[PDB]
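This is structure02.pdb. It holds PDB, C-alpha atoms and all ligand atoms.
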ATOM      1  CA  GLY I   1     -41.567  -7.371 -11.673  1.00  0.00           C
ATOM      2  CA  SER I   2     -40.679  -3.710 -12.234  1.00  0.00           C
ATOM      3  CA  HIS I   3     -38.796  -1.828  -9.469  1.00  0.00           C
ATOM      4  CA  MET I   4     -36.862   1.462  -9.168  1.00  0.00           C
ATOM      5  CA  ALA I   5     -33.067   1.628  -9.488  1.00  0.00           C
ATOM      6  CA  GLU I   6     -30.762   4.670  -9.107  1.00  0.00           C
ATOM      7  CA  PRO I   7     -27.089   5.331 -10.143  1.00  0.00           C
ATOM      8  CA  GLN I   8     -25.838   4.518  -6.611  1.00  0.00           C
ATOM      9  CA  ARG I   9     -25.538   0.697  -6.034  1.00  0.00           C
ATOM     10  CA  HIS I  10     -22.380   0.142  -8.153  1.00  0.00           C
ATOM     11  CA  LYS I  11     -19.967  -2.776  -8.254  1.00  0.00           C
ATOM     12  CA  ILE I  12     -16.182  -2.565  -8.248  1.00  0.00           C
ATOM     13  CA  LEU I  13     -15.409  -6.257  -8.707  1.00  0.00           C
ATOM     14  CA  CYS I  14     -11.937  -6.199  -7.101  1.00  0.00           C
ATOM     15  CA  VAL I  15      -9.614  -8.653  -5.300  1.00  0.00           C
ATOM     16  CA  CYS I  16      -8.661  -8.967  -1.633  1.00  0.00           C
ATOM     17  CA  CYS I  17      -5.096  -7.833  -0.907  1.00  0.00           C
ATOM     18  CA  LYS I  18      -4.244 -10.477   1.755  1.00  0.00           C
ATOM     19  CA  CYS I  19      -5.890 -13.543   0.124  1.00  0.00           C
ATOM     20  CA  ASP I  20      -6.200 -12.600  -3.637  1.00  0.00           C
ATOM     21  CA  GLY I  21      -9.870 -13.653  -3.444  1.00  0.00           C
ATOM     22  CA  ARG I  22     -12.384 -12.031  -5.773  1.00  0.00           C
ATOM     23  CA  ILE I  23     -14.542  -9.422  -4.005  1.00  0.00           C
ATOM     24  CA  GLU I  24     -17.700  -7.902  -5.401  1.00  0.00           C
ATOM     25  CA  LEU I  25     -17.325  -4.410  -3.871  1.00  0.00           C
ATOM     26  CA  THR I  26     -20.879  -3.142  -4.043  1.00  0.00           C
ATOM     27  CA  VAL I  27     -20.139   0.511  -3.131  1.00  0.00           C
ATOM     28  CA  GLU I  28     -23.305   2.590  -3.270  1.00  0.00           C
ATOM     29  CA  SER I  29     -21.526   5.467  -4.929  1.00  0.00           C
ATOM     30  CA  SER I  30     -22.287   7.883  -7.794  1.00  0.00           C
ATOM     31  CA  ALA I  31     -20.510   6.762 -10.998  1.00  0.00           C
ATOM     32  CA  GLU I  32     -17.770   9.421 -10.936  1.00  0.00           C
ATOM     33  CA  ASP I  33     -17.480   9.461  -7.157  1.00  0.00           C
ATOM     34  CA  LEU I  34     -16.924   5.685  -7.663  1.00  0.00           C
ATOM     35  CA  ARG I  35     -14.410   6.666 -10.375  1.00  0.00           C
ATOM     36  CA  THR I  36     -12.757   9.098  -7.915  1.00  0.00           C
ATOM     37  CA  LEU I  37     -12.557   6.448  -5.145  1.00  0.00           C
ATOM     38  CA  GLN I  38     -11.282   4.004  -7.845  1.00  0.00           C
ATOM     39  CA  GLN I  39      -8.500   6.571  -8.502  1.00  0.00           C
ATOM     40  CA  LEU I  40      -7.791   6.205  -4.742  1.00  0.00           C
ATOM     41  CA  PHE I  41      -7.573   2.415  -5.517  1.00  0.00           C
ATOM     42  CA  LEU I  42      -5.239   3.126  -8.461  1.00  0.00           C
ATOM     43  CA  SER I  43      -3.211   5.389  -6.088  1.00  0.00           C
ATOM     44  CA  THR I  44      -2.874   3.058  -3.060  1.00  0.00           C
ATOM     45  CA  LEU I  45      -6.156   1.649  -1.767  1.00  0.00           C
ATOM     46  CA  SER I  46      -7.065  -2.047  -1.620  1.00  0.00           C
ATOM     47  CA  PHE I  47     -10.111  -3.705  -0.045  1.00  0.00           C
ATOM     48  CA  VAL I  48      -9.981  -6.556   2.415  1.00  0.00           C
ATOM     49  CA  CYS I  49     -13.194  -8.654   2.473  1.00  0.00           C
ATOM     50  CA  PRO I  50     -15.021  -8.832   5.867  1.00  0.00           C
ATOM     51  CA  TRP I  51     -14.571 -12.650   5.849  1.00  0.00           C
ATOM     52  CA  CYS I  52     -10.771 -12.474   5.573  1.00  0.00           C
ATOM     53  CA  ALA I  53     -10.668  -9.382   7.795  1.00  0.00           C
ATOM     54  CA  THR I  54     -12.501 -11.337  10.551  1.00  0.00           C
ATOM     55  CA  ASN I  55     -10.299 -14.465  10.015  1.00  0.00           C
ATOM     56  CA  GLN I  56      -7.067 -12.441   9.687  1.00  0.00           C
TER      57      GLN I  56
ATOM     58  CA  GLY W   1       5.946  -3.970   0.815  1.00  0.00           C
ATOM     59  CA  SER W   2       8.634  -5.784   2.791  1.00  0.00           C
ATOM     60  CA  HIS W   3       8.380  -6.273   6.569  1.00  0.00           C
ATOM     61  CA  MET W   4       4.641  -6.184   7.584  1.00  0.00           C
ATOM     62  CA  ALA W   5       2.123  -4.046   9.614  1.00  0.00           C
ATOM     63  CA  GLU W   6       2.037  -1.158   7.130  1.00  0.00           C
ATOM     64  CA  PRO W   7      -0.143   1.985   7.789  1.00  0.00           C
ATOM     65  CA  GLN W   8      -2.812   1.122   5.184  1.00  0.00           C
ATOM     66  CA  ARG W   9      -5.084  -1.730   6.481  1.00  0.00           C
ATOM     67  CA  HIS W  10      -7.792   0.518   8.029  1.00  0.00           C
ATOM     68  CA  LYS W  11     -11.449   0.438   9.083  1.00  0.00           C
ATOM     69  CA  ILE W  12     -14.196   2.925   8.199  1.00  0.00           C
ATOM     70  CA  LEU W  13     -16.989   1.805  10.512  1.00  0.00           C
ATOM     71  CA  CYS W  14     -20.061   2.840   8.506  1.00  0.00           C
ATOM     72  CA  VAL W  15     -23.583   1.374   8.211  1.00  0.00           C
ATOM     73  CA  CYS W  16     -25.275  -0.514   5.389  1.00  0.00           C
ATOM     74  CA  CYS W  17     -27.733   1.776   3.537  1.00  0.00           C
ATOM     75  CA  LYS W  18     -30.437  -0.958   3.620  1.00  0.00           C
ATOM     76  CA  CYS W  19     -29.546  -3.368   6.432  1.00  0.00           C
ATOM     77  CA  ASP W  20     -29.129  -0.241   8.665  1.00  0.00           C
ATOM     78  CA  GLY W  21     -26.375  -2.351  10.253  1.00  0.00           C
ATOM     79  CA  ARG W  22     -22.747  -1.801  11.333  1.00  0.00           C
ATOM     80  CA  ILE W  23     -20.287  -2.410   8.484  1.00  0.00           C
ATOM     81  CA  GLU W  24     -16.638  -2.236   9.533  1.00  0.00           C
ATOM     82  CA  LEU W  25     -15.337  -1.231   6.100  1.00  0.00           C
ATOM     83  CA  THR W  26     -11.871  -2.801   6.125  1.00  0.00           C
ATOM     84  CA  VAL W  27     -10.274  -0.657   3.353  1.00  0.00           C
ATOM     85  CA  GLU W  28      -6.503  -0.596   3.101  1.00  0.00           C
ATOM     86  CA  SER W  29      -4.964   2.823   2.342  1.00  0.00           C
ATOM     87  CA  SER W  30      -3.023   5.629   4.049  1.00  0.00           C
ATOM     88  CA  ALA W  31      -5.095   7.454   6.700  1.00  0.00           C
ATOM     89  CA  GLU W  32      -5.772  10.592   4.616  1.00  0.00           C
ATOM     90  CA  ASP W  33      -6.639   8.603   1.456  1.00  0.00           C
ATOM     91  CA  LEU W  34      -9.087   6.692   3.713  1.00  0.00           C
ATOM     92  CA  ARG W  35     -10.205  10.098   5.018  1.00  0.00           C
ATOM     93  CA  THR W  36     -10.665  11.483   1.499  1.00  0.00           C
ATOM     94  CA  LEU W  37     -12.925   8.514   0.651  1.00  0.00           C
ATOM     95  CA  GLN W  38     -14.658   9.112   4.039  1.00  0.00           C
ATOM     96  CA  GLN W  39     -15.309  12.705   2.825  1.00  0.00           C
ATOM     97  CA  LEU W  40     -17.012  11.083  -0.207  1.00  0.00           C
ATOM     98  CA  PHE W  41     -19.141   9.124   2.336  1.00  0.00           C
ATOM     99  CA  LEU W  42     -19.796  12.339   4.308  1.00  0.00           C
ATOM    100  CA  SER W  43     -20.781  14.015   0.979  1.00  0.00           C
ATOM    101  CA  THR W  44     -23.131  11.364  -0.481  1.00  0.00           C
ATOM    102  CA  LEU W  45     -21.658   7.848  -0.456  1.00  0.00           C
ATOM    103  CA  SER W  46     -22.898   4.610   1.155  1.00  0.00           C
ATOM    104  CA  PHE W  47     -21.696   0.986   1.316  1.00  0.00           C
ATOM    105  CA  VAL W  48     -23.809  -2.058   0.581  1.00  0.00           C
ATOM    106  CA  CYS W  49     -22.299  -5.180   2.206  1.00  0.00           C
ATOM    107  CA  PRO W  50     -21.944  -8.328  -0.006  1.00  0.00           C
ATOM    108  CA  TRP W  51     -24.850  -9.979   1.921  1.00  0.00           C
ATOM    109  CA  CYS W  52     -27.469  -7.353   0.940  1.00  0.00           C
ATOM    110  CA  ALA W  53     -25.632  -6.706  -2.312  1.00  0.00           C
ATOM    111  CA  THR W  54     -26.327 -10.351  -3.293  1.00  0.00           C
ATOM    112  CA  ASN W  55     -29.833 -10.661  -1.720  1.00  0.00           C
ATOM    113  CA  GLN W  56     -31.002  -7.128  -2.640  1.00  0.00           C
TER     114      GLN W  56
HETATM  115 ZN    ZN I 101      -9.602 -10.715   1.488  1.00  0.00          ZN
HETATM  116 ZN    ZN I 102     -26.077  -3.810   3.873  1.00  0.00          ZN
END

In C-alpha cells, write the structure found in this file.
Amino acid sequence: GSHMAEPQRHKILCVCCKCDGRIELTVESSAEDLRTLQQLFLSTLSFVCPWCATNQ
Amino acid sequence: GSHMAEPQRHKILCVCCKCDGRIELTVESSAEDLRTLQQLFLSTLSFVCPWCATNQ
C-alpha cells in the first residue's frame, strides 16, 4: 500500500575490508551527511559487516 | 597496510532507529575520523542494521 518515506534510510552498497564481501550499508543519514561520511570513506574509512566482525 | 592490528578497525556502539536494539557499528577508521562520523550521529544520524534494512 502507500506508506511514508523520508530522506534518511539511505544505502551505501559497499564491501567489507577483511572479507571483500558486498555489504548493503543502510545508514539512516541525510543525503549530504551521507556524502560527508562517504568522504570519510574516501579518506580512510571502511565498514566491516557484523557477521564477519563477530566471526573475526 | 603491512603488519596487522592497525588503529582503524573500531566500534561505534549505537542503537538501531527501529529495532531500538544495540548495534556495535564495526567501522574501520582512525579514532577522530570515527569521532567525526559520531558527531554526525550526535547531530542527526542513525544506523539501520541489515536485518531491519532488509525486512523494513
Ligand atoms: Zn566483512
Ligand atoms: Zn535496526

One decimal, Å: what's the distance from atom CA of residue 53 of chain I over to atom CA of residue 3 of chain W, could you say? 19.3 Å

Could you tell me which of W:39, W:2, W:56, W:46 comes closest to chain I if we count all atoms listed in the file?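 Result for the nearest residue to chain I: W:46.
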
Would you write out, as JSON lines, a table of all residues in chain W that have an atom no more than 10 Å from an atom of ligand ZN 102 (chain I), listing for each the closest atom pair and the distance in Å to one decimal, considering all atoms listed in the file and ordering rows by chain and rising residue number?
{"residue": "W:15", "atom": "CA", "partner": "I:ZN102", "partner_atom": "ZN", "distance": 7.2}
{"residue": "W:16", "atom": "CA", "partner": "I:ZN102", "partner_atom": "ZN", "distance": 3.7}
{"residue": "W:17", "atom": "CA", "partner": "I:ZN102", "partner_atom": "ZN", "distance": 5.8}
{"residue": "W:18", "atom": "CA", "partner": "I:ZN102", "partner_atom": "ZN", "distance": 5.2}
{"residue": "W:19", "atom": "CA", "partner": "I:ZN102", "partner_atom": "ZN", "distance": 4.3}
{"residue": "W:20", "atom": "CA", "partner": "I:ZN102", "partner_atom": "ZN", "distance": 6.7}
{"residue": "W:21", "atom": "CA", "partner": "I:ZN102", "partner_atom": "ZN", "distance": 6.6}
{"residue": "W:22", "atom": "CA", "partner": "I:ZN102", "partner_atom": "ZN", "distance": 8.4}
{"residue": "W:23", "atom": "CA", "partner": "I:ZN102", "partner_atom": "ZN", "distance": 7.5}
{"residue": "W:46", "atom": "CA", "partner": "I:ZN102", "partner_atom": "ZN", "distance": 9.4}
{"residue": "W:47", "atom": "CA", "partner": "I:ZN102", "partner_atom": "ZN", "distance": 7.0}
{"residue": "W:48", "atom": "CA", "partner": "I:ZN102", "partner_atom": "ZN", "distance": 4.4}
{"residue": "W:49", "atom": "CA", "partner": "I:ZN102", "partner_atom": "ZN", "distance": 4.4}
{"residue": "W:50", "atom": "CA", "partner": "I:ZN102", "partner_atom": "ZN", "distance": 7.2}
{"residue": "W:51", "atom": "CA", "partner": "I:ZN102", "partner_atom": "ZN", "distance": 6.6}
{"residue": "W:52", "atom": "CA", "partner": "I:ZN102", "partner_atom": "ZN", "distance": 4.8}
{"residue": "W:53", "atom": "CA", "partner": "I:ZN102", "partner_atom": "ZN", "distance": 6.8}
{"residue": "W:54", "atom": "CA", "partner": "I:ZN102", "partner_atom": "ZN", "distance": 9.7}
{"residue": "W:55", "atom": "CA", "partner": "I:ZN102", "partner_atom": "ZN", "distance": 9.6}
{"residue": "W:56", "atom": "CA", "partner": "I:ZN102", "partner_atom": "ZN", "distance": 8.8}

For the full set of C-alpha atoms taken in order, report to one decimal the RMSD after fitting chain W onto chain I.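 Here the RMSD amounts to 2.9 Å.
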
Long-range neighbours of residue 30 of chain W as a list in words, 12 Å cut-off, only C-alpha atoms, 4 positions minimum in chain: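 Within the cut-off, the hits are residues 40, 41, 43, 44, 45 and 46 of chain I; 6, 7, 8, 9, 10, 11, 34, 35, 36 and 37 of chain W.
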
Just C-alpha atoms for this one: save the residues we selected as a PDB file, in the frame of the given file.
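File result_9.pdb, as written:
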ATOM      1  CA  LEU I  40      -7.791   6.205  -4.742  1.00  0.00           C
ATOM      2  CA  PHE I  41      -7.573   2.415  -5.517  1.00  0.00           C
ATOM      3  CA  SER I  43      -3.211   5.389  -6.088  1.00  0.00           C
ATOM      4  CA  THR I  44      -2.874   3.058  -3.060  1.00  0.00           C
ATOM      5  CA  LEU I  45      -6.156   1.649  -1.767  1.00  0.00           C
ATOM      6  CA  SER I  46      -7.065  -2.047  -1.620  1.00  0.00           C
TER       7      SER I  46
ATOM      8  CA  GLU W   6       2.037  -1.158   7.130  1.00  0.00           C
ATOM      9  CA  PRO W   7      -0.143   1.985   7.789  1.00  0.00           C
ATOM     10  CA  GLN W   8      -2.812   1.122   5.184  1.00  0.00           C
ATOM     11  CA  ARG W   9      -5.084  -1.730   6.481  1.00  0.00           C
ATOM     12  CA  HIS W  10      -7.792   0.518   8.029  1.00  0.00           C
ATOM     13  CA  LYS W  11     -11.449   0.438   9.083  1.00  0.00           C
ATOM     14  CA  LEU W  34      -9.087   6.692   3.713  1.00  0.00           C
ATOM     15  CA  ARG W  35     -10.205  10.098   5.018  1.00  0.00           C
ATOM     16  CA  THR W  36     -10.665  11.483   1.499  1.00  0.00           C
ATOM     17  CA  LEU W  37     -12.925   8.514   0.651  1.00  0.00           C
TER      18      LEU W  37
END

Which residue gives the smallest distance to chain W among I:38, I:29, I:13, I:5, with only C-alpha atoms counted?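 Closest candidate: I:29.
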
Quick one: pull the distance between atom CA of residue 24 of chain I and atom CA of residue 4 of chain W, Å, one decimal.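 One can read the atom CA of residue 24 of chain I to atom CA of residue 4 of chain W distance as 25.9 Å.
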
Quick one: distance from atom CA of residue 14 of chain W to atom CA of residue 32 of chain I in Å, one decimal?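 Atom-to-atom, atom CA of residue 14 of chain W to atom CA of residue 32 of chain I, that is 20.7 Å.
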
Just chain W, please, as a PDB file, in the first residue's frame (only C-alpha atoms).
ATOM      1  CA  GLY W   1      48.928  -1.870   5.249  1.00  0.00           C
ATOM      2  CA  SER W   2      51.731  -4.280   6.118  1.00  0.00           C
ATOM      3  CA  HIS W   3      51.984  -5.933   9.550  1.00  0.00           C
ATOM      4  CA  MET W   4      48.444  -6.080  11.121  1.00  0.00           C
ATOM      5  CA  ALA W   5      46.403  -4.634  14.083  1.00  0.00           C
ATOM      6  CA  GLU W   6      46.174  -1.107  12.660  1.00  0.00           C
ATOM      7  CA  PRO W   7      44.344   1.718  14.592  1.00  0.00           C
ATOM      8  CA  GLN W   8      41.276   1.788  12.305  1.00  0.00           C
ATOM      9  CA  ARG W   9      39.010  -1.272  13.000  1.00  0.00           C
ATOM     10  CA  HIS W  10      36.721   0.435  15.574  1.00  0.00           C
ATOM     11  CA  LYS W  11      33.255   0.113  17.116  1.00  0.00           C
ATOM     12  CA  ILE W  12      30.598   2.818  17.490  1.00  0.00           C
ATOM     13  CA  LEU W  13      28.090   1.091  19.755  1.00  0.00           C
ATOM     14  CA  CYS W  14      24.846   2.781  18.678  1.00  0.00           C
ATOM     15  CA  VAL W  15      21.221   1.570  18.506  1.00  0.00           C
ATOM     16  CA  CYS W  16      19.012   0.713  15.544  1.00  0.00           C
ATOM     17  CA  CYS W  17      16.488   3.529  14.902  1.00  0.00           C
ATOM     18  CA  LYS W  18      13.633   0.975  14.563  1.00  0.00           C
ATOM     19  CA  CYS W  19      14.737  -2.221  16.316  1.00  0.00           C
ATOM     20  CA  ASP W  20      15.694   0.028  19.310  1.00  0.00           C
ATOM     21  CA  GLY W  21      18.486  -2.542  19.712  1.00  0.00           C
ATOM     22  CA  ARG W  22      22.262  -2.449  20.321  1.00  0.00           C
ATOM     23  CA  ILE W  23      24.239  -2.185  17.072  1.00  0.00           C
ATOM     24  CA  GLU W  24      28.003  -2.440  17.533  1.00  0.00           C
ATOM     25  CA  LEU W  25      28.871  -0.432  14.417  1.00  0.00           C
ATOM     26  CA  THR W  26      32.183  -2.012  13.408  1.00  0.00           C
ATOM     27  CA  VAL W  27      33.519   0.860  11.218  1.00  0.00           C
ATOM     28  CA  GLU W  28      37.211   0.906  10.404  1.00  0.00           C
ATOM     29  CA  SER W  29      38.870   4.352  10.505  1.00  0.00           C
ATOM     30  CA  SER W  30      41.233   6.426  12.666  1.00  0.00           C
ATOM     31  CA  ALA W  31      39.698   7.368  16.043  1.00  0.00           C
ATOM     32  CA  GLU W  32      38.960  11.020  15.165  1.00  0.00           C
ATOM     33  CA  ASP W  33      37.509  10.154  11.724  1.00  0.00           C
ATOM     34  CA  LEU W  34      35.276   7.687  13.638  1.00  0.00           C
ATOM     35  CA  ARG W  35      34.606  10.530  16.091  1.00  0.00           C
ATOM     36  CA  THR W  36      33.751  12.969  13.290  1.00  0.00           C
ATOM     37  CA  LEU W  37      31.183  10.475  11.936  1.00  0.00           C
ATOM     38  CA  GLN W  38      29.999  10.013  15.572  1.00  0.00           C
ATOM     39  CA  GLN W  39      29.445  13.819  15.646  1.00  0.00           C
ATOM     40  CA  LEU W  40      27.213  13.282  12.571  1.00  0.00           C
ATOM     41  CA  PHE W  41      25.332  10.671  14.687  1.00  0.00           C
ATOM     42  CA  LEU W  42      25.199  13.111  17.633  1.00  0.00           C
ATOM     43  CA  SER W  43      23.875  15.777  15.185  1.00  0.00           C
ATOM     44  CA  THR W  44      21.155  13.782  13.368  1.00  0.00           C
ATOM     45  CA  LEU W  45      22.357  10.404  12.073  1.00  0.00           C
ATOM     46  CA  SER W  46      21.127   6.854  12.779  1.00  0.00           C
ATOM     47  CA  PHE W  47      22.073   3.338  11.622  1.00  0.00           C
ATOM     48  CA  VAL W  48      19.662   0.734  10.325  1.00  0.00           C
ATOM     49  CA  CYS W  49      21.157  -2.777  10.647  1.00  0.00           C
ATOM     50  CA  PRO W  50      20.964  -5.071   7.544  1.00  0.00           C
ATOM     51  CA  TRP W  51      18.250  -7.176   9.300  1.00  0.00           C
ATOM     52  CA  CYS W  52      15.715  -4.313   9.606  1.00  0.00           C
ATOM     53  CA  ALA W  53      17.113  -2.715   6.465  1.00  0.00           C
ATOM     54  CA  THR W  54      16.022  -5.844   4.530  1.00  0.00           C
ATOM     55  CA  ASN W  55      12.762  -6.551   6.463  1.00  0.00           C
ATOM     56  CA  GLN W  56      11.735  -2.882   6.877  1.00  0.00           C
TER      57      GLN W  56
END
